[PDB]
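Asker: Please find one structure pasted underneath; my questions will follow.
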Amino acid sequence: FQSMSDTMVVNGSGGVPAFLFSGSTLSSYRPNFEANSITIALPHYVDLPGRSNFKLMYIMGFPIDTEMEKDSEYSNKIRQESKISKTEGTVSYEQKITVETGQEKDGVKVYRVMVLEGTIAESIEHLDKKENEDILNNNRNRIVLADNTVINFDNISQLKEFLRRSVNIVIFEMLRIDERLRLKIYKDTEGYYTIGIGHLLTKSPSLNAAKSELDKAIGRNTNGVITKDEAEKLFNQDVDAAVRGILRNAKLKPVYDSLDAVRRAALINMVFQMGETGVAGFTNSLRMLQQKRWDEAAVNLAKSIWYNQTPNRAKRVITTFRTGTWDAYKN
Amino acid sequence: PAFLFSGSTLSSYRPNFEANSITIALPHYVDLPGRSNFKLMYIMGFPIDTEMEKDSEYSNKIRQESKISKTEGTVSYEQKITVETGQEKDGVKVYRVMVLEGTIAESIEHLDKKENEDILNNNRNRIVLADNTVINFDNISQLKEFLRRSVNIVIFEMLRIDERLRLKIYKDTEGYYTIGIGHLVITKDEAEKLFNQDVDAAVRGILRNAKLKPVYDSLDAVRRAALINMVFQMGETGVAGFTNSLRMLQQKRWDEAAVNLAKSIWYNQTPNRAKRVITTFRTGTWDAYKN
């Protein structure tokens, strides 16, 4: 006679998903269903609010997104792929996104939702969690865009670095307006050679020393000129160091992680302007931001030499601290 | 339910959908053949059993509890059982199936897999019987002891005849202090547990012995009892020294063994027990003991 033994392992190319109920899911939307705790072990189907072709199946409290070629009752229709590349291209800041991990074969798709309708910043933090490392490393990782098209990534690292790019362009564009992008070396007000977006090259008065330091930074013979793309890299590196210093700061680090990445960037904006301890010495204005009283914090920030010395820039940053969007930057 | 999708399941049922595919990540509902009130839901290769008082599309009606004692009752060894583990809250039952319509012997071996320790230790264990009633067990050890008591029904009667069920401490025929059933005051229950333990021992000792393990695999449950019986009397090493007769079972030829056992000093030293065991070996039945 015949005994079936079913265990845990997933040893081959059948497309069974690995660690389907591991890790955690970040969701900005709660399901409800039933009052009995012990039936989340049972399948619960629900449509995602305001969407189409986006039925979810909840099980063990996790959302699973499911697609089928053959017409189905509980499965979604197959989603088309986006024309946004995985290697380059980005998704815009004001769109939510859904991050998934899982499998597909012969017109059947089963994907564990890791991030349900969250921001790019939130997803970046979420996928970086250690508990999630197992499910993201042994499955196919994709992003389901707002328009319900899909971007498939070759690996988790490619996705998160895609997302790293998606957030970082915005701080670049913003800072381009406030500080200027310079693709040739230029000597600034005090007499320091600079390039890109406010990147100091050297503490030496020699242009040659600057041209040499720029070469050292880019890793080629530049002759004092760089491309928009290299400038962006230098910027990203500078951003990363600015966030570094914000964490080593006792007054900035707290108000930092308590803001949405848009406001976090408004802080980075000041850091680029008046240095880390200058911004640090604002004190009273930070606490009002922490408390999420934007209209009041904006009023205190205006009461400053900074608002006085740079009116137009200070308004854009302050309006960015009111409405946690990039509304202040247009045209 | 802790570890709900951990360990392994043994099943005598073959589902009507593809195994080992992405396909199993979607739920499948089967209505177990021949069984009334026995809907199951498969997910990720595991069957989940559910009871709700409320009327439902993919659930079972609340199952009646069996009147069989969880502490000293048995289920007939001729019957398949289902073994489940899980939780109950507010009229709703969620049980992961560990053994689906398996024999008692199959269940005992499967519930001993270390991969299953965590889940049997941390949820409620119950047997769903052939007639759809259930025995709920206080803890998994009690279940294990229940099963063990159900397969040993026969070997117990055999050895209680040959070696006697003694409650108060008596002296074995070698100076050894012996209680229960040839075990080196208590109640008949306390003895039965010791016996289960000593049957475990003998079987473990038999497998671990090079000479006995192969000849033991080529035996049906009844002839196994005969072999276990011999080990209870003389030990693994003594039994294993019966190479002549011993090989005749590994060639499945009896009768030629029934007399090549009476050749022994063993037969001459304890003729009554030995004729019985020999007869048991010959017929592969219990007709030597049923009196």
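Note on naming: chains are A, B, ... as they come in the structure tokens, residues start from 1 per chain, ligands start from 1 in the order shown.
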Could you list, with a cut-off of 8 Å and counting only C-alpha atoms, the residues of chain B near chain A, each shown with its nearest atom pair and the distance in Å rounded to one decimal, rows sorted by chain and ascending number, as a tab-separated table?

Answerer:
residue	atom	partner	partner_atom	distance
B:1	CA	A:38	CA	7.3
B:6	CA	A:8	CA	6.9
B:7	CA	A:7	CA	6.0
B:8	CA	A:7	CA	4.2
B:9	CA	A:6	CA	5.1
B:10	CA	A:5	CA	4.8
B:11	CA	A:4	CA	5.0
B:12	CA	A:3	CA	4.8
B:13	CA	A:4	CA	7.4
B:14	CA	A:4	CA	7.4
B:20	CA	A:14	CA	6.0
B:21	CA	A:14	CA	4.6
B:22	CA	A:16	CA	4.1
B:23	CA	A:16	CA	7.5
B:24	CA	A:16	CA	7.3
B:25	CA	A:16	CA	6.9
B:26	CA	A:110	CA	7.9
B:27	CA	A:43	CA	7.5
B:45	CA	A:6	CA	6.4
B:46	CA	A:6	CA	7.2
B:87	CA	A:38	CA	7.6
B:88	CA	A:38	CA	7.8
B:89	CA	A:38	CA	7.1
B:90	CA	A:36	CA	7.7
B:92	CA	A:38	CA	7.8
B:94	CA	A:38	CA	7.0

Asker: Which residues, written as a ChimeraX atom specification, have at least one atom at most 6 Å from segment 220-224 of chain A, with only C-alpha atoms counted and residues fewer than 5 positions away on the same chain left out?

Answerer: /A:184-185,211,215

Asker: Would you save the residues of that selection, restricted to C-alpha atoms, as a PDB file, in the first residue's frame?

Answerer:
ATOM      1  CA  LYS A 184      32.808  72.192 -13.771  1.00  0.00           C
ATOM      2  CA  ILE A 185      34.989  73.052 -10.791  1.00  0.00           C
ATOM      3  CA  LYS A 211      41.640  69.005 -10.085  1.00  0.00           C
ATOM      4  CA  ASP A 215      40.336  62.856 -10.041  1.00  0.00           C
TER       5      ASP A 215
END

Asker: Can you tell me how far atom CA of residue 133 of chain A sits from atom CA of residue 112 of chain A, in Å to one decimal?

Answerer: 13.6 Å

Asker: Taking into account only C-alpha atoms, which residue in the set B:234, B:288, B:143, B:98 is nearest to residue 69 of chain B?

Answerer: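 Residue with the minimum atom-to-atom distance to residue 69 of chain B: B:143.
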
Asker: Quick one: pick out all strand (DSSP E) residues within segment 35-209 of chain A from a backbone DSSP run and write them as a PyMOL selection string.

Answerer: chain A and resi 44-47+55-59+62-68+76-77+97-105+108-118+140-144+150-153+182-187+193-196+199-200

Asker: Those same residues, written as a JSON list (two decimals), in the first residue's frame with C-alpha atoms?

Answerer:
[["chain", "number", "residue", "atom", "x", "y", "z"],
["A", 44, "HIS", "CA", -9.53, 34.76, 4.22],
["A", 45, "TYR", "CA", -10.07, 36.60, 0.93],
["A", 46, "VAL", "CA", -10.42, 40.39, 0.61],
["A", 47, "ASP", "CA", -10.23, 43.03, -2.14],
["A", 55, "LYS", "CA", -7.76, 40.26, -4.34],
["A", 56, "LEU", "CA", -5.65, 39.17, -1.38],
["A", 57, "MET", "CA", -5.71, 35.93, 0.56],
["A", 58, "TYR", "CA", -4.91, 36.21, 4.25],
["A", 59, "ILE", "CA", -3.44, 33.25, 6.10],
["A", 62, "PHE", "CA", -0.08, 37.41, 6.18],
["A", 63, "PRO", "CA", -1.40, 38.77, 2.86],
["A", 64, "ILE", "CA", -0.72, 36.54, -0.15],
["A", 65, "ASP", "CA", -1.19, 37.83, -3.69],
["A", 66, "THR", "CA", -2.16, 35.21, -6.19],
["A", 67, "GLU", "CA", -2.40, 35.17, -9.99],
["A", 68, "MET", "CA", -3.75, 32.70, -12.53],
["A", 76, "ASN", "CA", -6.12, 37.54, -9.71],
["A", 77, "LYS", "CA", -5.70, 37.85, -13.48],
["A", 97, "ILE", "CA", 4.07, 50.63, -3.71],
["A", 98, "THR", "CA", 3.53, 47.01, -2.81],
["A", 99, "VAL", "CA", 6.57, 44.80, -2.29],
["A", 100, "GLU", "CA", 6.20, 41.03, -2.72],
["A", 101, "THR", "CA", 8.31, 37.89, -2.64],
["A", 102, "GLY", "CA", 7.53, 34.44, -4.05],
["A", 103, "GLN", "CA", 7.21, 32.28, -7.17],
["A", 104, "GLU", "CA", 5.65, 31.74, -10.61],
["A", 105, "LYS", "CA", 5.47, 28.85, -13.07],
["A", 108, "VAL", "CA", 0.31, 30.47, -11.70],
["A", 109, "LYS", "CA", 1.69, 33.14, -9.41],
["A", 110, "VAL", "CA", 1.91, 33.00, -5.61],
["A", 111, "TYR", "CA", 3.51, 35.96, -3.87],
["A", 112, "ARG", "CA", 3.84, 36.84, -0.19],
["A", 113, "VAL", "CA", 3.10, 40.50, 0.38],
["A", 114, "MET", "CA", 5.88, 42.04, 2.50],
["A", 115, "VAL", "CA", 4.82, 45.67, 2.14],
["A", 116, "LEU", "CA", 1.22, 46.58, 1.42],
["A", 117, "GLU", "CA", 0.61, 50.02, -0.07],
["A", 118, "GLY", "CA", 3.54, 51.68, 1.74],
["A", 140, "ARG", "CA", 11.61, 36.13, -6.51],
["A", 141, "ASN", "CA", 11.10, 39.72, -5.40],
["A", 142, "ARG", "CA", 8.83, 42.14, -7.21],
["A", 143, "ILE", "CA", 7.06, 45.47, -6.81],
["A", 144, "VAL", "CA", 3.41, 45.90, -7.75],
["A", 150, "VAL", "CA", 4.84, 44.79, -12.05],
["A", 151, "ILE", "CA", 8.62, 45.23, -11.86],
["A", 152, "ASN", "CA", 10.47, 41.94, -11.35],
["A", 153, "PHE", "CA", 13.95, 42.04, -9.81],
["A", 182, "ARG", "CA", 27.94, 72.67, -11.05],
["A", 183, "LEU", "CA", 29.56, 70.20, -13.49],
["A", 184, "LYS", "CA", 32.81, 72.19, -13.77],
["A", 185, "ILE", "CA", 34.99, 73.05, -10.79],
["A", 186, "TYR", "CA", 34.13, 76.45, -9.37],
["A", 187, "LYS", "CA", 35.69, 78.49, -6.57],
["A", 193, "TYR", "CA", 37.17, 74.74, -4.88],
["A", 194, "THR", "CA", 33.88, 72.88, -5.23],
["A", 195, "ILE", "CA", 31.95, 70.77, -7.74],
["A", 196, "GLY", "CA", 28.60, 69.04, -8.20],
["A", 199, "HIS", "CA", 31.11, 69.13, -2.74],
["A", 200, "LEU", "CA", 34.31, 70.54, -1.21]]

Asker: Compile the contact shell of residue 234 of chain A as a list in words: residues with an atom at most 10 Å away, counting only C-alpha atoms, same-chain residues fewer than 2 positions apart removed.

Answerer: residues 195, 196, 197, 198, 199, 217, 218, 229, 230, 231, 232, 236, 237, 238, 239 and 240 of chain A

Asker: Which polymer residues have any atom within 12 Å of an atom of residue 254 of chain A, counting only C-alpha atoms, with same-chain residues fewer than 4 positions away left out, as a count of residues only?

Answerer: 15

Asker: I need the residues in segment 73-140 of chain B that are helix (DSSP H, G or I) according to DSSP; give them as number ranges by chain.

Answerer: B: 104-110, 114-121, 140

Asker: Kindly save the residues from that selection, with N, CA and C atoms included, as a PDB file, in the first residue's frame.

Answerer:
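Okay, this is what ended up in again19.pdb:
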ATOM      1  N   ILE B 104      -1.924   1.876  13.757  1.00  0.00           N
ATOM      2  CA  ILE B 104      -1.393   2.242  15.054  1.00  0.00           C
ATOM      3  C   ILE B 104       0.139   2.217  15.029  1.00  0.00           C
ATOM      4  N   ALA B 105       0.712   1.109  14.576  1.00  0.00           N
ATOM      5  CA  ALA B 105       2.158   1.020  14.419  1.00  0.00           C
ATOM      6  C   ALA B 105       2.756   2.206  13.636  1.00  0.00           C
ATOM      7  N   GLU B 106       2.135   2.569  12.516  1.00  0.00           N
ATOM      8  CA  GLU B 106       2.575   3.727  11.733  1.00  0.00           C
ATOM      9  C   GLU B 106       2.537   5.030  12.529  1.00  0.00           C
ATOM     10  N   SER B 107       1.479   5.206  13.311  1.00  0.00           N
ATOM     11  CA  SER B 107       1.309   6.416  14.109  1.00  0.00           C
ATOM     12  C   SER B 107       2.394   6.515  15.192  1.00  0.00           C
ATOM     13  N   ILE B 108       2.632   5.413  15.899  1.00  0.00           N
ATOM     14  CA  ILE B 108       3.619   5.378  16.972  1.00  0.00           C
ATOM     15  C   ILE B 108       4.996   5.803  16.465  1.00  0.00           C
ATOM     16  N   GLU B 109       5.379   5.271  15.308  1.00  0.00           N
ATOM     17  CA  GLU B 109       6.686   5.555  14.743  1.00  0.00           C
ATOM     18  C   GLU B 109       6.774   7.002  14.263  1.00  0.00           C
ATOM     19  N   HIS B 110       5.672   7.505  13.728  1.00  0.00           N
ATOM     20  CA  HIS B 110       5.632   8.864  13.208  1.00  0.00           C
ATOM     21  C   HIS B 110       5.610   9.951  14.302  1.00  0.00           C
ATOM     22  N   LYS B 114      11.614  13.410  15.769  1.00  0.00           N
ATOM     23  CA  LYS B 114      12.033  14.596  16.515  1.00  0.00           C
ATOM     24  C   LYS B 114      11.567  15.900  15.850  1.00  0.00           C
ATOM     25  N   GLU B 115      11.404  15.862  14.533  1.00  0.00           N
ATOM     26  CA  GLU B 115      10.852  16.983  13.785  1.00  0.00           C
ATOM     27  C   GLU B 115       9.440  17.351  14.270  1.00  0.00           C
ATOM     28  N   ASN B 116       8.791  16.426  14.970  1.00  0.00           N
ATOM     29  CA  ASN B 116       7.425  16.642  15.438  1.00  0.00           C
ATOM     30  C   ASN B 116       7.302  16.973  16.926  1.00  0.00           C
ATOM     31  N   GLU B 117       8.432  17.005  17.630  1.00  0.00           N
ATOM     32  CA  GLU B 117       8.432  17.206  19.078  1.00  0.00           C
ATOM     33  C   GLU B 117       7.781  18.528  19.465  1.00  0.00           C
ATOM     34  N   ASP B 118       8.250  19.612  18.859  1.00  0.00           N
ATOM     35  CA  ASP B 118       7.777  20.952  19.192  1.00  0.00           C
ATOM     36  C   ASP B 118       6.269  21.107  19.046  1.00  0.00           C
ATOM     37  N   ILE B 119       5.703  20.572  17.974  1.00  0.00           N
ATOM     38  CA  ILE B 119       4.291  20.785  17.718  1.00  0.00           C
ATOM     39  C   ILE B 119       3.368  19.893  18.577  1.00  0.00           C
ATOM     40  N   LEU B 120       3.810  18.676  18.884  1.00  0.00           N
ATOM     41  CA  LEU B 120       3.058  17.780  19.763  1.00  0.00           C
ATOM     42  C   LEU B 120       3.189  18.185  21.246  1.00  0.00           C
ATOM     43  N   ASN B 121       4.295  18.838  21.583  1.00  0.00           N
ATOM     44  CA  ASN B 121       4.498  19.351  22.927  1.00  0.00           C
ATOM     45  C   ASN B 121       3.731  20.641  23.215  1.00  0.00           C
ATOM     46  N   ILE B 140       0.792  14.679  24.988  1.00  0.00           N
ATOM     47  CA  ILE B 140       1.186  13.752  23.943  1.00  0.00           C
ATOM     48  C   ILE B 140       1.753  12.419  24.474  1.00  0.00           C
TER      49      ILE B 140
END

Asker: Between A:260, A:243, A:138, A:305, which has the minimum distance to residue 155 of chain A (counting only C-alpha atoms)?

Answerer: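 With only C-alpha atoms as the atom set, the closest residue is A:138.
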
Asker: Any idea what the distance is between atom CA of residue 216 of chain A and atom CA of residue 271 of chain A?

Answerer: 24.8 Å

Asker: Find, counting only C-alpha atoms, the residue in A:107, A:137, A:83, A:327 that gets nearest to residue 69 of chain A.

Answerer: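 Between A:107, A:137, A:83, A:327, the residue approaching residue 69 of chain A most closely is A:107.
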
Asker: Select, from B:127, B:99, B:221, B:83, the residue with the minimum atom-to-atom distance to residue 155 of chain B, counting only C-alpha atoms.

Answerer: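 When distances to residue 155 of chain B are compared using only C-alpha atoms, the smallest one comes from B:221.
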
Asker: When you look at residue 255 of chain B with a cut-off of 10 Å (counting only C-alpha atoms), what residues show up, excluding the ones that are within fewer than 2 positions of it in the same chain? I need them as a ChimeraX atom specification.

Answerer: /B:245,248-249,253,257-261,278-279,281-283

Asker: Report, in Å with one decimal, the straight-line distance from atom CA of residue 245 of chain A to atom CA of residue 296 of chain A.

Answerer: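 Distance reported for this atom pair: 26.4 Å.
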
Asker: Mind checking which residues fall within 10 Å of residue 132 of chain B, counting only C-alpha atoms, ignoring those fewer than 3 positions away in the same chain, and posting them as a ChimeraX atom specification?

Answerer: /B:35-38,63-66,81-82,127-129

Asker: I need the residues from that last selection saved to file as a short mmCIF file (atom, residue, chain, number, x, y, z; two decimals), in the first residue's frame (with N, CA, C and O atoms), if you can.

Answerer:
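Output file selection-v3.cif is given in full below:
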data_model
loop_
_atom_site.label_atom_id
_atom_site.label_comp_id
_atom_site.auth_asym_id
_atom_site.auth_seq_id
_atom_site.Cartn_x
_atom_site.Cartn_y
_atom_site.Cartn_z
N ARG B 35 -15.75 8.72 4.21
CA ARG B 35 -16.02 9.34 5.50
C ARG B 35 -17.08 10.44 5.41
O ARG B 35 -17.02 11.31 4.54
N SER B 36 -18.05 10.38 6.31
CA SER B 36 -19.01 11.47 6.47
C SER B 36 -18.43 12.49 7.45
O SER B 36 -17.67 12.12 8.35
N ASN B 37 -18.80 13.76 7.28
CA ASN B 37 -18.34 14.86 8.16
C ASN B 37 -16.81 14.93 8.27
O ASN B 37 -16.26 15.09 9.36
N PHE B 38 -16.13 14.81 7.14
CA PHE B 38 -14.67 14.76 7.14
C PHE B 38 -14.09 15.56 5.97
O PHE B 38 -13.36 15.01 5.15
N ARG B 63 -17.46 17.35 16.28
CA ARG B 63 -17.40 15.91 16.44
C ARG B 63 -17.68 15.45 17.86
O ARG B 63 -17.27 16.09 18.83
N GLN B 64 -18.41 14.34 17.98
CA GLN B 64 -18.70 13.74 19.27
C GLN B 64 -17.43 13.21 19.92
O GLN B 64 -16.51 12.73 19.23
N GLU B 65 -17.37 13.30 21.24
CA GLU B 65 -16.23 12.79 21.99
C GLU B 65 -16.46 11.31 22.28
O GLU B 65 -17.57 10.89 22.58
N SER B 66 -15.40 10.52 22.16
CA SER B 66 -15.47 9.09 22.37
C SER B 66 -15.60 8.77 23.85
O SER B 66 -15.08 9.51 24.70
N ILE B 81 -6.31 5.07 12.30
CA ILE B 81 -6.67 6.24 13.08
C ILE B 81 -6.13 7.49 12.42
O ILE B 81 -5.22 7.44 11.60
N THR B 82 -6.73 8.61 12.76
CA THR B 82 -6.18 9.89 12.39
C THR B 82 -5.67 10.58 13.67
O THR B 82 -6.36 10.59 14.68
N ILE B 127 -7.05 11.90 18.79
CA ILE B 127 -7.23 10.91 17.74
C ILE B 127 -8.63 11.05 17.16
O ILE B 127 -9.61 11.12 17.90
N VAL B 128 -8.75 11.10 15.84
CA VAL B 128 -10.07 11.02 15.23
C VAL B 128 -10.26 9.59 14.79
O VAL B 128 -9.52 9.09 13.96
N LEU B 129 -11.25 8.94 15.38
CA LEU B 129 -11.44 7.51 15.19
C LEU B 129 -12.14 7.19 13.88
O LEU B 129 -12.73 8.07 13.23
#

Asker: Would you please work out which residue, of A:148, A:192, A:312, A:294, is nearest to residue 206 of chain A when using only C-alpha atoms?

Answerer: A:192

Asker: Please provide the set of residues having any atom within 8 Å of residue 77 of chain B, restricted to only C-alpha atoms, with same-chain residues fewer than 5 positions apart removed, written as a count of residues only.

Answerer: 4
